[PDB]
Amino acid sequence: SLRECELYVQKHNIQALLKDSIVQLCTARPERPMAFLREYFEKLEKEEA
Amino acid sequence: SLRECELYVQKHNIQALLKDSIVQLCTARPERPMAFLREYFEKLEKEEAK
Amino acid sequence: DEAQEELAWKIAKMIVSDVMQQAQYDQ
Ligand SMILES: [Zn+2]
Ligand SMILES: [Zn+2]
Ligand SMILES: [Zn+2]
Ligand SMILES: [Zn+2]
Ligand SMILES: [Zn+2]
């Protein structure tokens with residue numbers, strides 16, 4: 001449902017998480033945004049597990 | 001700068017990129033959203049490569 | 001489904017706002 005999505009987004013701090021990645025994205029301004037975000041989350045992933 | 005960031009967001013449809021990533025996130029609601037975002041962008045990087 | 005996408009847009013525009021704000025605080 002929609003409510004489960006809103007809830008998930010809040011519970012898992014999704015908004016700040018995404019925002020932080022875009023702020024980095026805006027500093028780098030890469031020619032390859034996808035590759036950058038991939039590398040960005042790969043780094044955060046490695047400290048997730 | 002702040003204007004360079006605004007420009008970049010517009011020119012590279014970053015807002016729509018976020019929208020799509022959130023749509024995915026809410027469909028999956030992964031145990032581990034970072035791992036999921038990694039794979040999601042990895043997949044999109046591969047599209048934009050070949 | 002359209003409910004979802006509508007919500008994703010709202011949230012994405014929220015993030016874009018907070019991003020612009022944080023980008024004024026830094027430079
Ligand atoms: Zn359900
Ligand atoms: Zn570009
Ligand atoms: Zn190049
Ligand atoms: Zn400059
Ligand atoms: Zn550009």
# chains A, B, ... in the order shown; residues from 1 in each chain; ligands from 1
$ residues_around --residues "segment 31-41 of chain A" --least-positions-apart "5" --cutoff "7 Å" --atoms "only C-alpha atoms" --output "tab-separated table (two decimals) with C-alpha atoms, in the first residue's frame"
chain	number	residue	atom	x	y	z
A	21	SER	CA	23.89	11.24	-1.99
B	34	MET	CA	21.96	0.79	0.55
B	37	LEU	CA	20.33	1.31	-4.17
B	38	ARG	CA	23.79	0.09	-5.11
B	41	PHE	CA	22.27	2.18	-9.90
B	42	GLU	CA	24.71	-0.50	-10.96
B	44	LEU	CA	21.32	1.67	-14.67
B	45	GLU	CA	25.04	2.32	-15.13
$ residues_near_ligand --ligand "ligand 5" --cutoff "9 Å" --atoms "only C-alpha atoms and all ligand atoms" --output "list in words"
residues 29, 30 and 31 of chain A; 4, 7, 8, 9, 10, 11 and 12 of chain B
$ write_last_selection --atoms "N, CA and C atoms" --output "PDB file, in the first residue's frame"
ATOM      1  N   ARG A  29      29.491  16.717  -9.553  1.00  0.00           N
ATOM      2  CA  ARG A  29      28.911  16.939 -10.881  1.00  0.00           C
ATOM      3  C   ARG A  29      29.592  16.082 -11.951  1.00  0.00           C
ATOM      4  N   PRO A  30      29.460  14.753 -11.817  1.00  0.00           N
ATOM      5  CA  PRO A  30      30.168  13.814 -12.683  1.00  0.00           C
ATOM      6  C   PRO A  30      29.557  13.842 -14.069  1.00  0.00           C
ATOM      7  N   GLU A  31      30.313  13.427 -15.073  1.00  0.00           N
ATOM      8  CA  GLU A  31      29.727  13.194 -16.380  1.00  0.00           C
ATOM      9  C   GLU A  31      28.845  11.933 -16.365  1.00  0.00           C
TER      10      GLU A  31
ATOM     11  N   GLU B   4      25.249  26.190  -9.563  1.00  0.00           N
ATOM     12  CA  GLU B   4      25.819  25.119 -10.362  1.00  0.00           C
ATOM     13  C   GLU B   4      25.104  23.805 -10.045  1.00  0.00           C
ATOM     14  N   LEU B   7      21.560  23.905 -11.608  1.00  0.00           N
ATOM     15  CA  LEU B   7      21.732  23.659 -13.031  1.00  0.00           C
ATOM     16  C   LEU B   7      21.942  22.173 -13.296  1.00  0.00           C
ATOM     17  N   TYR B   8      22.797  21.547 -12.492  1.00  0.00           N
ATOM     18  CA  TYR B   8      23.160  20.160 -12.729  1.00  0.00           C
ATOM     19  C   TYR B   8      21.941  19.267 -12.557  1.00  0.00           C
ATOM     20  N   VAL B   9      21.172  19.544 -11.515  1.00  0.00           N
ATOM     21  CA  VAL B   9      19.981  18.775 -11.229  1.00  0.00           C
ATOM     22  C   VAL B   9      19.014  18.818 -12.405  1.00  0.00           C
ATOM     23  N   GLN B  10      18.791  20.016 -12.943  1.00  0.00           N
ATOM     24  CA  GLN B  10      17.892  20.189 -14.082  1.00  0.00           C
ATOM     25  C   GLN B  10      18.392  19.463 -15.327  1.00  0.00           C
ATOM     26  N   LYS B  11      19.629  19.748 -15.710  1.00  0.00           N
ATOM     27  CA  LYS B  11      20.183  19.236 -16.951  1.00  0.00           C
ATOM     28  C   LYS B  11      20.273  17.713 -16.982  1.00  0.00           C
ATOM     29  N   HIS B  12      20.414  17.092 -15.812  1.00  0.00           N
ATOM     30  CA  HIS B  12      20.553  15.639 -15.738  1.00  0.00           C
ATOM     31  C   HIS B  12      19.358  14.935 -15.117  1.00  0.00           C
TER      32      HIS B  12
END
$ residues_around --residues "residue 27 of chain C" --least-positions-apart "4" --cutoff "12 Å" --atoms "only C-alpha atoms" --output "list in words"
residues 23, 26 and 27 of chain A; 1, 2, 3, 4 and 5 of chain B; 20, 21, 22 and 23 of chain C
$ atom_distance --atom1 "atom CA of residue 20 of chain B" --atom2 "atom CA of residue 28 of chain A"
21.5 Å
$ atom_distance --atom1 "atom CA of residue 21 of chain B" --atom2 "atom 1 (Zn, counted along the ligand's line) of ligand 4"
28.3 Å
$ atom_distance --atom1 "atom CA of residue 15 of chain A" --atom2 "atom CA of residue 11 of chain C"
7.4 Å
$ closest_atom_pairs --of "chain A" --to "ligand 1" --cutoff "12 Å" --atoms "only C-alpha atoms and all ligand atoms" --output "CSV"
residue,atom,partner,partner_atom_place_in_ligand_line,distance
A:1,CA,ligand 1,1 (Zn),5.8
A:2,CA,ligand 1,1 (Zn),9.2
A:3,CA,ligand 1,1 (Zn),9.2
A:4,CA,ligand 1,1 (Zn),7.0
A:5,CA,ligand 1,1 (Zn),9.7
A:7,CA,ligand 1,1 (Zn),11.7
A:8,CA,ligand 1,1 (Zn),11.7
$ interface_residues --of "chain C" --to "chain B" --cutoff "7 Å" --atoms "only C-alpha atoms" --output "ChimeraX atom specification"
/C:4-5,8-9,12-13,16,20,23-24,27
$ write_last_selection --atoms "N, CA and C atoms" --output "PDB file, in the first residue's frame"
ATOM      1  N   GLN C   4       1.400   5.409  -5.885  1.00  0.00           N
ATOM      2  CA  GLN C   4       2.816   5.254  -5.555  1.00  0.00           C
ATOM      3  C   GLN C   4       3.652   6.340  -6.215  1.00  0.00           C
ATOM      4  N   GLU C   5       3.568   6.422  -7.538  1.00  0.00           N
ATOM      5  CA  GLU C   5       4.382   7.355  -8.308  1.00  0.00           C
ATOM      6  C   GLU C   5       4.144   8.806  -7.893  1.00  0.00           C
ATOM      7  N   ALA C   8       6.058   9.170  -4.763  1.00  0.00           N
ATOM      8  CA  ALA C   8       7.487   9.211  -5.056  1.00  0.00           C
ATOM      9  C   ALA C   8       7.902  10.601  -5.546  1.00  0.00           C
ATOM     10  N   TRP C   9       7.062  11.220  -6.371  1.00  0.00           N
ATOM     11  CA  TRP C   9       7.329  12.581  -6.839  1.00  0.00           C
ATOM     12  C   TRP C   9       7.382  13.568  -5.685  1.00  0.00           C
ATOM     13  N   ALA C  12      10.523  13.005  -3.771  1.00  0.00           N
ATOM     14  CA  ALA C  12      11.691  13.440  -4.542  1.00  0.00           C
ATOM     15  C   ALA C  12      11.832  14.963  -4.554  1.00  0.00           C
ATOM     16  N   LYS C  13      10.720  15.674  -4.719  1.00  0.00           N
ATOM     17  CA  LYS C  13      10.743  17.138  -4.679  1.00  0.00           C
ATOM     18  C   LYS C  13      11.157  17.651  -3.298  1.00  0.00           C
ATOM     19  N   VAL C  16      14.899  17.292  -3.170  1.00  0.00           N
ATOM     20  CA  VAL C  16      15.536  18.302  -4.010  1.00  0.00           C
ATOM     21  C   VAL C  16      15.592  19.649  -3.286  1.00  0.00           C
ATOM     22  N   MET C  20      18.992  21.697  -2.235  1.00  0.00           N
ATOM     23  CA  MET C  20      19.280  23.096  -2.545  1.00  0.00           C
ATOM     24  C   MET C  20      19.620  23.895  -1.282  1.00  0.00           C
ATOM     25  N   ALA C  23      22.959  23.263   0.007  1.00  0.00           N
ATOM     26  CA  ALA C  23      23.929  23.756  -0.969  1.00  0.00           C
ATOM     27  C   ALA C  23      24.124  25.266  -0.870  1.00  0.00           C
ATOM     28  N   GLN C  24      23.222  25.930  -0.154  1.00  0.00           N
ATOM     29  CA  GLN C  24      23.376  27.345   0.143  1.00  0.00           C
ATOM     30  C   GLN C  24      24.196  27.508   1.420  1.00  0.00           C
ATOM     31  N   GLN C  27      27.981  26.877   0.243  1.00  0.00           N
ATOM     32  CA  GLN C  27      28.529  27.859  -0.693  1.00  0.00           C
ATOM     33  C   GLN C  27      27.474  28.347  -1.681  1.00  0.00           C
TER      34      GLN C  27
END
$ select_by_dssp --residues "chain B" --states "helix (DSSP H, G or I)" --output "count of residues only"
40
